[PDB]
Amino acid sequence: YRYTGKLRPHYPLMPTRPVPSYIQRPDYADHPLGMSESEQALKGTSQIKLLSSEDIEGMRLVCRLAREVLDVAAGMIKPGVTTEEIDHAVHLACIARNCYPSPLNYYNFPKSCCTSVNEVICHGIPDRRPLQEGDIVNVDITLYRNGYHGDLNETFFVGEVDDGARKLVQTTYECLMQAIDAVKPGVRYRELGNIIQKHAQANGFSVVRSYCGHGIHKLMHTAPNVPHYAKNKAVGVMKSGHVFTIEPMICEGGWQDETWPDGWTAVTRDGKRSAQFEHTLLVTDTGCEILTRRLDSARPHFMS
């Protein structure tokens, strides 16, 4: 394999971490290939669940706990900390909240969160590499509680970064928030990509095509598929009671991705940096409830 940038995986990985049996487990947790029969049973359907009030309570709780876990990870970000160390802390924080770390064994993903450094677009695997001053790192958290998943991520600075990193991460965050600000009943899912690409392109960045936002609730990934690029063909119309994520990946160079031999790590083909932010959103009768928002602080960690 020809690496696209300066990053390399740092093996070996620690043996998979167990989750105590008292924590409730999603269907894929015990499938040998980590397949989710409940997701597969709805493959290729574009119908979107309308959440009940019990379903809304469950999503509110799990998304609030997921934010708490992201915040734990944010508190660990500094030069010298390895991504596996971050993942270990995340793992324990999930368990402390009686939640299962959704990514763990999801189609055999080996860790409890994703850590994506510099040219890693998404799904980086936590490993023995210490964070370097100047790096940018996304931690993506997903938790499962009482049958509901909640999903969010943020990109962080490691010590001091360069202006390019500041601009990339800021614009990325703005893309997410401009899309969120448009969410309300009656908006076509396909419109979000128009808004995202327009701001990314105005700042000289591209928009990753291969990965989309997604419905989320009882299933981790389900309808709707939410592309983040312009003139996409996403199916469907927002309605009060819909829950889904938006998670734009924006890159300094070109939009093309490829995947490491590990089967997960997605990297820019040119080796230039990518940034991402994600929230889980509930469409209300008039707008959007950001289920994964911070409750106690005005801004994302990188602006704090």
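Start at 1 with the first residue shown and count on from there.
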What stretch has the higher average Cα B-factor here, 227-235 or 167-175?
-> 227-235
Could you check which stretch, 215-223 or 137-145, carries the larger mean CA temperature factor in the entry?
-> 215-223
Compare the CA B factors listed in the entry for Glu247, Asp55, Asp270, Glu68 and report the winner.
-> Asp55
According to the deposited entry, which of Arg190, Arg209, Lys78, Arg128 has the largest Cα B-factor?
-> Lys78
Would the CA B-factor of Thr259 place it in the lowest, middle or highest third of its chain?
-> middle
Within this chain, which third does the Cα B-factor at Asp162 fall in: lowest, middle or highest?
-> highest
Modelled-residue ranking by C-alpha temperature factor, third containing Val62 | middle
Please rank the C-alpha B-factors of the chain's modelled residues and tell me whether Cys288 sits in the lowest, middle or highest third.
-> highest
When the modelled residues of the chain are sorted by Cα temperature factor, does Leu281 land in the lowest, middle or highest third?
-> lowest
